[PDB]
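A.B. asks: Quick check, what structure comes out for this input:
(2 chains)
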Protein chains: 2
Amino acid sequence: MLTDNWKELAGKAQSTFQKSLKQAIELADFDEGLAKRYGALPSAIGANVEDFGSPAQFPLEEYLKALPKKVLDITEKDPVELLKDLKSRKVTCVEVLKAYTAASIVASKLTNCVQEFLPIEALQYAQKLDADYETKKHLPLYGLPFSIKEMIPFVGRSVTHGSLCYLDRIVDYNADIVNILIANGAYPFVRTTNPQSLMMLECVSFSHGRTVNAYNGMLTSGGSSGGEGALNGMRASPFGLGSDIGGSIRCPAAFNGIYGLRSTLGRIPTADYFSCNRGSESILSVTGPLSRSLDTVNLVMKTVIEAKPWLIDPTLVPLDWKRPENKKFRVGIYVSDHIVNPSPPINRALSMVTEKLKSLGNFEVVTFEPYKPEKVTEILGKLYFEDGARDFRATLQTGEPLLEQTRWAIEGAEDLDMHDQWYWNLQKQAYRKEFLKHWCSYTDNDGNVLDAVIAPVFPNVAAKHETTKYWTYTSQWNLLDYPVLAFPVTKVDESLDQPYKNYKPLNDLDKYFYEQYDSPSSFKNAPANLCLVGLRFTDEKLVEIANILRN
Amino acid sequence: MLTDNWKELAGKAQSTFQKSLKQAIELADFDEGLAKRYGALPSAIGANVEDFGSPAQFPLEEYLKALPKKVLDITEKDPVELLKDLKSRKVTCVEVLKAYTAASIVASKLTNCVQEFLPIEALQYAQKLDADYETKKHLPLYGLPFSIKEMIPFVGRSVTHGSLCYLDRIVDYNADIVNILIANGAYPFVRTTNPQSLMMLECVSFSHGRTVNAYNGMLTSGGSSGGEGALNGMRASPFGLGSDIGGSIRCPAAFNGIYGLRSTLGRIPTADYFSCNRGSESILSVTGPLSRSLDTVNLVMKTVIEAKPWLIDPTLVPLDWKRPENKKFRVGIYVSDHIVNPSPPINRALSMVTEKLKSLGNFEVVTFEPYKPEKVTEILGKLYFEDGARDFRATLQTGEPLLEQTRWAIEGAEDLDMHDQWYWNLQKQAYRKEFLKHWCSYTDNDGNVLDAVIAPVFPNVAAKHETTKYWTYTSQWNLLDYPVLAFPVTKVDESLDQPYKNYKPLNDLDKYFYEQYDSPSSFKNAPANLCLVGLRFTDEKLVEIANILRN
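C.D. replies: Numbers count the residues shown, from 1 in each chain, chains lettered A, B, ... in the order given. Take a look:
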């Protein structure tokens, strides 16, 4: 690592971004009308990484007004549909790159979701893909650009996960999943922001400033894949890759009203990502796609898994990506863990999705009760930072300040002795086994297991900054390693989502979240998403049920 | 022993220093810019051992201003980090020697902390250590120079503990701890000043003059390891070795705002040092490191103990240096012994450290009351000079004048008959047993012992010259042989540290110290340190708690 003063390093980070932003504008080739509107947009980028600017109230509305038909006709197109145009040559690989580059630039200024553009290598990828049209026409993602979280290695770049001390950590390789996607006709064109330590459900770092929600600029984008949620919520990327060890894929997707899949560990390669606590295996992160488009989520998983990634990454299981043949479904609704109750907008989403499933004949819908959700915090309290956060704190030798959200994640971290880790590994495996028995207790008399559970992603829609003080609605499924797909349902409705009256809080933490929901106007136009949870390796059931819920 | 006139002897002592200063300058190889600025620095070295010069108001800024970045970039780096560079070969052993030699010369002139430079042997050590780089780089202290108190034997040197009469007492061997450290890749490069009789908390002798504080040149460096405290407070040595029989390691470290460990007697080899009263065993001195770097204090202890020094020194215990397994801590706060109250700057430091420990969940904090502190003076008054100071007074046959501070230490000394010593040995052991019961009286209902005590090192920050008239805040732990680690907290603040008002002194000596603190301006920029006290052989618990207090 580095030991220079952090203010100098933040400058170096800003320079890298500004250097890539300059090259991107050249690639995008604005006409004067757009250059004018772009110049006049409210920015979530400040003068320094501690200055958070003055973001728009509805960044997405500003985005749709600012960008021309020449761009939106491509970036607003569903990526699976756009792949048809790229295949039939109604649109060029370079043409698509130019539009999405322009979109990401406008998205970058409005939400601060881009850490580094990749226009040099992206133009080379897109140019040769056009030249090779006849031989690569058949590839399943031919011509499609995509975004990658900054923690994902890309050739010749620093990989820092937001820590300034790692700005000299250059890799000469791509992540396995990136090379696989390139082998299938795609290419990365932008690197998205990630926060300090990665262990916050928001997106603040001293490498980029603060990332904000795509639908309401006063709220967080979520985290840790906050850039990914914002960029793909603005539909300025066809899809992106994030990571999820505590909700870091599903929380951004839910806050920005798009799809995000925490895929089951052992399906797609993620270990070559960079994070804190490298070599820690007690609790493992997973990767997975975020996209505006469910069909795009499904196609990336299918494309990656059909490339047989277990022949490059031996931690992976050779299990085909297969659409389920189920005609009937048994589904549970997780109304609350009875520790922190959901805010009205989430509560209405649960009823909406419940009533829709009941209206289809082939769904049996039951209430799903929690199982010792307090044990999630206790076990993850010992295993997230099992070295007592020594590795993370060493990143602060530059003088880099400790963010308030990071404080929550590392407070109480013990430096575990080997026997302490063994104790909590046994606690971890026992809880997983107990929870499976809980899930199977919902099997019916004929032996039909629960296919999926519908649950909140968070006790609320996109949070106000520095208030993501409860993780269980996402970290529960990291402790269990269950596949979870966040999906859209509705938006805040000011008539329907007034605060609960005569509410009696369940505890101090529940009271905090109740008071956080002061009125729906504080979360105007914020998406209310939910998630589908399945047993391990049932990812595809979740996609199929999400398909039905959106038709 | 010599009986020549002391003025002739002071000449020879100045001559030995002056020749080594010349050779040190020859090794450091100042460019003209530094040589000119060095020449213009206010000197604390006089023309004779009775002329104390005119020291700088703030020696440390003058040190930082005079030296080039080429030197400070090495000497200001934490030594543990610097060890990585020597290991990584980013810097050569001779390069580190050259910088620290230059640093010590500037420190010598500003504070008068060096008795003799060792540039000939240091170049021999550093050169051959680079030549043997491939075979010795694995050693835990490869390439690191260090300072040694003048009382510590080094090959070919006189060992005088500041007494002119011992200038012909030449040793042909190093101290055991030094040979252990050399075998682990380190080497001494400078000998630091020690005062007359070693029994003062200041540093005045007729071998060197007067040594002054690194942060305020009107105040004492402390003693008896005054040179070590000044040199390492100026960060002109990675670490040093001192001795402590009455506070002589913790007082210098506290006065100069660095770390200093009075280690438990049986852990580290010290008996081959030279002092007065050789063969006296009723109260034994100990050694231990002083450094600005806690990690360096810990590593030196770990390095020497892992060399199994009990196989050379049979007084030592084969007790491993072990990081404690404690996850929770119980700590007492010792605000005062109610004989001499601490001045405001020490009192504020106690509040800072209490509240920071209370803010962490894993610390229980209780008040720690004194136990017969008056008996400390009584017993040590008889055992410090149990021959009636006959051995020390004979050093003055040269005519060497008796310093005012030495007068305090030898006034009232009885020449004990065997039965008198037996009586006071029993008094010493009874008090030790009683105090242990007192400490264990703070054990909680669940059986959790007190892990450490927070206490002052002295009734005030760095004292005015000839005012160190109370020892108990350090001596109590020599009577008990408890490990004590001095550690930094804060500096004097003229707004925060005004004299208490309407103060009612507890006794004449408390009044003396109250009037001594006329205003904070008299102690401008003075570090206010505290210390951590532990039971015998719990040294490492103190390191771990000091580690938490700085994070």
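A.B. asks: for chain A, what spans make up the strands?
C.D. replies: Secondary structure of chain A (DSSP state E): strands located at A:114-117, A:145-149, A:187-192, A:204-205, A:209-210, A:240-244, A:259-262, A:286-291, A:329-333, A:363-367, A:452-456, A:484-491, A:527-533.
A.B. asks: Tell me which of those strands approaches chain B most closely.
C.D. replies: With CB to the nearest CB, the closest approach to chain B among those belongs to strand A:204-205: 20.9 Å. Any C-beta I mention is one placed from the backbone N, CA and C, and that applies to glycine too.
A.B. asks: what does the stretch 251-400 of chain A put close to chain B?
C.D. replies: Residues of the stretch 251-400 of chain A lying close to chain B by CB under 8 Å from any CB of the partner chain are residue A:393.
A.B. asks: 10 Å instead, please
C.D. replies: When proximity is defined as CB under 10 Å from any CB of the partner chain, the stretch 251-400 of chain A approaches chain B at A:388, A:389, A:390, A:393, A:396, A:397.
A.B. asks: next one: chain A
C.D. replies: Within chain A, the residues that sit near chain B (CB under 10 Å from any CB) are A:3, A:388-390, A:393, A:396-397, A:411-412, A:414-417, A:419-420.
A.B. asks: Run a quick neighbour tally on the residue of chain A found nearest chain B.
C.D. replies: Nearest to chain B, among the residues of chain A, is residue A:414, at 5.9 Å (CB to the nearest CB). By other CB atoms under 10 Å in any protein chain shown, 17 other residues sit near residue A:414.
A.B. asks: you'd agree it is up against residue B:362?
C.D. replies: Yes. Using CB atoms under 10 Å, residue A:414 makes contact with residue B:362 at a distance of 8.7 Å.
A.B. asks: shared neighbours, those two?
C.D. replies: Shared contacts of residue A:414 and residue B:362, defined by CB atoms under 10 Å, 6 or more residues apart in numbering or on different chains, comprise residue B:327.
A.B. asks: neighbours around residue A:35, how many?
C.D. replies: Neighbours of residue A:35 (other CB under 10 Å): 13.
A.B. asks: which residues sit in contact with it?
C.D. replies: A:25, A:28, A:29.
A.B. asks: The second one contacts residue A:95, correct?
C.D. replies: No. Under the criterion of CB under 10 Å, residue A:28 lies out of contact with residue A:95, with a separation of 11.8 Å.
A.B. asks: Can you report phi and psi for residue A:328?
C.D. replies: phi -110, psi 160 (degrees, to the nearest 10).
A.B. asks: Please name the nearest non-neighbouring residue to it.
C.D. replies: Spatially, and ignoring its direct neighbours in sequence, residue A:328 is nearest to residue A:362 (4.8 Å; CB to CB, 6 or more residues apart in numbering or on different chains).
A.B. asks: Residue A:546 now?
C.D. replies: Residue nearest to residue A:546 in three dimensions, not counting chain neighbours: residue A:487, with 4.6 Å by CB to CB, 6+ apart.
A.B. asks: what about that neighbour, distance to residue B:193?
C.D. replies: 75 Å (CB to CB, to the nearest Å).
A.B. asks: who are the neighbours in contact with the residue most central in space within chain A?
C.D. replies: Nearest residue to the geometric centre of chain A (CA atoms, centre = their mean): residue A:249, 2.8 Å. Counting by CB under 10 Å, 6+ apart, residue A:249 touches A:149, A:222, A:224-225, A:228-229, A:240-243, A:260-263, A:285-290, A:474, A:484-486.
A.B. asks: what do you get if the cut-off is 7 Å, keeping everything else the same?
C.D. replies: By CB atoms under 7 Å, 6 or more residues apart in numbering or on different chains, residue A:249 lies in contact with A:225, A:242, A:243, A:260, A:262, A:288, A:290.
A.B. asks: Mind checking which of the contacts of residue A:35 are buried?
C.D. replies: Among the contacts of residue A:35, those buried by neighbour count (16 or more other CB atoms under 10 Å in any protein chain shown) are A:25, A:28.
A.B. asks: so can I have CSV of the contacts of residue A:35 showing distance to residue A:302?
C.D. replies: Output for those, formatted as CSV (distance: CB to CB, whole Å):
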residue, distance to residue A:302
A:25, 35
A:28, 31
A:29, 34
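A.B. asks: Which of the contacts of residue A:35 fall in helices?
C.D. replies: A:25, A:28 (DSSP state H).
A.B. asks: of all the contacts of residue A:35, which comes closest to residue B:348?
C.D. replies: Closest approach to residue B:348 among the contacts of residue A:35 (CB to CB): residue A:25, at 55.2 Å.
A.B. asks: I figured the closest one was touching residue A:105, is that so?
C.D. replies: Yes. Residue A:25 lies in contact with residue A:105 (CB atoms under 7 Å); the separation is 6.3 Å.
A.B. asks: Compute the number of surrounding residues for the closest residue to residue A:118 other than its chain neighbours.
C.D. replies: Spatially, and ignoring its direct neighbours in sequence, residue A:118 is nearest to residue A:189 (5.3 Å; CB to CB, 6+ apart). By the measure other CB under 10 Å, the count of residues near residue A:189 is 27.
A.B. asks: which residues does residue A:189 contact?
C.D. replies: Contacts of residue A:189 (CB under 7 Å, 6+ apart): A:97, A:100, A:101, A:118, A:122, A:145.
A.B. asks: Distance check, the fifth one against residue B:387.
C.D. replies: Looking back up the chat, that one is residue A:122. Residue A:122 is 87 Å from residue B:387, by CB to CB.
A.B. asks: and these two? which has more neighbours close in?
C.D. replies: Using other CB under 10 Å, the more surrounded residue of residue A:122 and residue B:387 is residue A:122, with 24 against 16.
A.B. asks: which residues does that one contact?
C.D. replies: Per CB under 7 Å, 6+ apart, neighbours of residue A:122: A:97, A:145, A:187, A:189.
A.B. asks: cool, and residue A:254?
C.D. replies: Residue A:254 neighbours (CB under 7 Å, 6+ apart): A:457, A:458, A:486, A:529, A:531.
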